[PDB]
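**Student:** Take this structure, written in structure tokens, and hold onto it; I'll ask about it next.
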Amino acid sequence: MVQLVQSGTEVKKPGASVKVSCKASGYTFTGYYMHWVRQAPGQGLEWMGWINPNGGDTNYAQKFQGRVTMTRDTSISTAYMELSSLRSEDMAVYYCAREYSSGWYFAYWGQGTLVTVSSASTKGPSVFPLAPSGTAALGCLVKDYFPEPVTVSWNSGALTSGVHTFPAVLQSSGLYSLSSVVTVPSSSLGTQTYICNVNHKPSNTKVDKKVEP
Amino acid sequence: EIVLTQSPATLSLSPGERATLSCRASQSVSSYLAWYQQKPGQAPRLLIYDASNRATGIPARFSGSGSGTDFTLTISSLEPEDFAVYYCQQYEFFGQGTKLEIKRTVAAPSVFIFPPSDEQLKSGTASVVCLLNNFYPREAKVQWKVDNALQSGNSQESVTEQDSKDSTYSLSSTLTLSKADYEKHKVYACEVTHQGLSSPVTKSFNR
């Protein structure tokens, strides 16, 4: 069967270049156009270009002309997409996709490659309480960390009902931030302990924060 | 050059109902159009090609039609698996996408406000959080007011994905100020407007 296996995650500074590979197997590599499509976090698909592995002709979207280079190594059935002068707007998941026959549509897709563009360095979060006060709401603020992700549990996972961990938001400083909240009965605030367990693997940060009214 | 308009941006239906997504091309440039499905955390997936041809392995509940400028994807008897994002495509052009949402009865948000913590204040920053809990539809308007003065451009919102049990949304709105600016004002309030509320709801506190 057809298989498109892309290279792993990339982390680049603005101004650098990145080279994503797409290894094809299960079919005649030269027989089908390969397209590249990217998706920036939380928005739609954007076509970048195609290469014809038979001969190597390319066609790039105008907005990447001069910035992007698409190549292929027929001898290892691998297509490449190199994007230079990276900008923050280039942070996205990049997909290679193959035409089924000769129609301009994307029948077979690689698994995608995340390319992070950031000037920030690894950093663990600061965990601040969101003090509460038939239902009361409390939570924990996980501020200023990089890269994603963090994981938040409540009472070491013993409390899962009513928990809401929001998607992280990229601040203008290049650091991420999120809050995790939980609703609990008002009648238990004076005696029940609520501890959010925050985990940021990149920085070895494991902070347990008691949240008292 | 060529713009593909998908309609509506969001479609709210129940499982077992018929979904009809629309894709309109500004200038007809082909009788052939392709539809793709993207589930959370997955790569896009081709459903239909050349307007009405179903891709290999795609369930038959997906059918496409249309010619010229107007194209339609029909999902007969929606299933929970199907509430996802769908894109249309012609050549290098993509539609903005249509999110297929689980419909439910309107639910007003429970609103809570959280002052900055003493620990964070020690560090010279103040984060005021406004929480909107378990509401539907997703459309919500949050307005921060400091000393009864409307703020602009100094807050950030984050919304959860629709809950798997009650199909509601939650939303956070974070107002971030320096310690200095936070202590120059006394009143902090977040005003919430939602179609489930007869009048806006304001949660406030004095520093």
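Labeling convention for the structure tokens: chains A, B, ... as they appear, residues from 1 per chain, ligands from 1 in order of appearance.
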Neighbouring residues of residue 6 of chain A were defined as those with any atom within 9 Å, considering only C-alpha atoms; residues of the same chain fewer than 6 positions away were excluded. Please report them as a list in words.
**Tutor:**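 The contact residues come out as residues 20, 21, 22, 23, 24, 95, 96, 110, 111, 112 and 113 of chain A.
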**Student:** Keeping only N, CA, C and O atoms, write the selected residues to a file as a compact mmCIF listing (two decimals), in the first residue's frame.
**Tutor:**
```
# COMPACT_ATOMS: atom_id res chain seq x y z
N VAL A 20 12.16 19.46 5.26
CA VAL A 20 11.27 18.36 5.62
C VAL A 20 11.32 17.32 4.52
O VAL A 20 11.22 17.66 3.33
N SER A 21 11.48 16.06 4.90
CA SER A 21 11.52 14.96 3.95
C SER A 21 10.20 14.19 3.97
O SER A 21 9.45 14.22 4.94
N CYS A 22 9.95 13.48 2.87
CA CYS A 22 8.72 12.71 2.68
C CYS A 22 9.11 11.45 1.91
O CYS A 22 9.32 11.51 0.69
N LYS A 23 9.24 10.33 2.62
CA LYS A 23 9.68 9.08 2.01
C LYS A 23 8.46 8.31 1.52
O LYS A 23 7.55 8.00 2.30
N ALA A 24 8.45 7.99 0.23
CA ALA A 24 7.34 7.28 -0.40
C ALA A 24 7.69 5.81 -0.58
O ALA A 24 8.84 5.46 -0.86
N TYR A 95 2.48 19.04 5.37
CA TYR A 95 2.10 17.74 4.84
C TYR A 95 2.60 17.59 3.42
O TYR A 95 2.53 18.54 2.63
N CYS A 96 3.11 16.41 3.09
CA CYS A 96 3.26 16.00 1.70
C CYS A 96 2.05 15.16 1.31
O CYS A 96 1.51 14.41 2.13
N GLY A 110 1.01 12.28 3.95
CA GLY A 110 1.93 11.96 5.02
C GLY A 110 1.31 12.26 6.37
O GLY A 110 0.23 12.84 6.47
N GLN A 111 2.00 11.85 7.43
CA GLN A 111 1.48 12.06 8.77
C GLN A 111 1.63 13.50 9.25
O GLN A 111 1.07 13.85 10.29
N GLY A 112 2.37 14.32 8.52
CA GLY A 112 2.55 15.71 8.91
C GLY A 112 3.80 15.92 9.74
O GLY A 112 4.23 15.06 10.50
N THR A 113 4.40 17.10 9.57
CA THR A 113 5.60 17.49 10.30
C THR A 113 5.36 18.85 10.94
O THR A 113 5.10 19.84 10.23
```
**Student:** Contacts of residue 147 of chain B at 12 Å or less, counting only C-alpha atoms, minus same-chain residues fewer than 6 places along, as a VMD selection string?
**Tutor:** chain B and resid 181 to 190 204 to 207
**Student:** What does the file look like for those residues with C-alpha atoms, as a PDB file, in the first residue's frame?
**Tutor:**
```pdb
ATOM      1  CA  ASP B 181      -0.846  49.291  36.613  1.00  0.00           C
ATOM      2  CA  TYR B 182      -2.834  46.711  38.591  1.00  0.00           C
ATOM      3  CA  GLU B 183      -2.504  48.732  41.812  1.00  0.00           C
ATOM      4  CA  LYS B 184      -3.451  52.077  40.231  1.00  0.00           C
ATOM      5  CA  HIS B 185      -7.060  50.882  39.826  1.00  0.00           C
ATOM      6  CA  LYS B 186      -9.522  49.470  42.354  1.00  0.00           C
ATOM      7  CA  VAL B 187     -12.393  47.899  40.385  1.00  0.00           C
ATOM      8  CA  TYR B 188     -11.891  44.981  37.995  1.00  0.00           C
ATOM      9  CA  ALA B 189     -14.865  43.484  36.195  1.00  0.00           C
ATOM     10  CA  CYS B 190     -15.592  41.184  33.265  1.00  0.00           C
ATOM     11  CA  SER B 204     -16.251  42.102  39.629  1.00  0.00           C
ATOM     12  CA  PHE B 205     -14.004  42.607  42.638  1.00  0.00           C
ATOM     13  CA  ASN B 206     -12.109  45.385  44.387  1.00  0.00           C
ATOM     14  CA  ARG B 207      -8.340  44.923  44.631  1.00  0.00           C
TER      15      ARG B 207
END
```
**Student:** If we count only C-alpha atoms, what is near residue 68 of chain B at a cut-off of 9 Å, once residues fewer than 4 positions away on the same chain are taken out, given as a short mmCIF file (atom, residue, chain, number, x, y, z; two decimals) with C-alpha atoms, in the first residue's frame?
**Tutor:**
```cif
data_model
loop_
_atom_site.label_atom_id
_atom_site.label_comp_id
_atom_site.auth_asym_id
_atom_site.auth_seq_id
_atom_site.Cartn_x
_atom_site.Cartn_y
_atom_site.Cartn_z
CA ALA B 25 -16.40 29.42 -6.25
CA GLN B 27 -15.46 32.34 -10.85
CA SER B 28 -16.29 28.83 -12.04
CA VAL B 29 -12.91 27.33 -12.89
CA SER B 30 -13.85 23.63 -12.86
CA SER B 31 -16.75 21.23 -12.63
CA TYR B 32 -14.38 19.19 -10.42
#
```
**Student:** Once you count only C-alpha atoms, which residues of chain B turn out to be within 7 Å of chain A? Could you give them as a PyMOL selection string?
**Tutor:** chain B and resi 34+43+46+91-92+94+96-97+112+114+117+119-120+158-160
**Student:** Taking the chain letters and numbering used in this document, name the residues of segment 15-153 of chain A that DSSP puts in strand (DSSP E), as a PyMOL selection string.
**Tutor:** chain A and resi 18-25+34-39+45-51+58-60+68-73+78-83+92-98+108-109+113-117+126-130+135-145+151-153
**Student:** Closest to residue 98 of chain B among B:169, B:144, B:49, B:35, using only C-alpha atoms?
**Tutor:** B:35
**Student:** With distances taken over only C-alpha atoms, which of A:198, A:70, A:83, A:40 is nearest to residue 15 of chain A?
**Tutor:**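 Distance minimum relative to residue 15 of chain A lands on A:83.
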**Student:** So that I can check the secondary structure, give me every residue of segment 54-207 of chain B assigned alpha helix (DSSP H) by backbone DSSP, as JSON, numbers by chain.
**Tutor:** {"B": [118, 119, 120, 121, 122, 179, 180, 181, 182, 183, 184]}
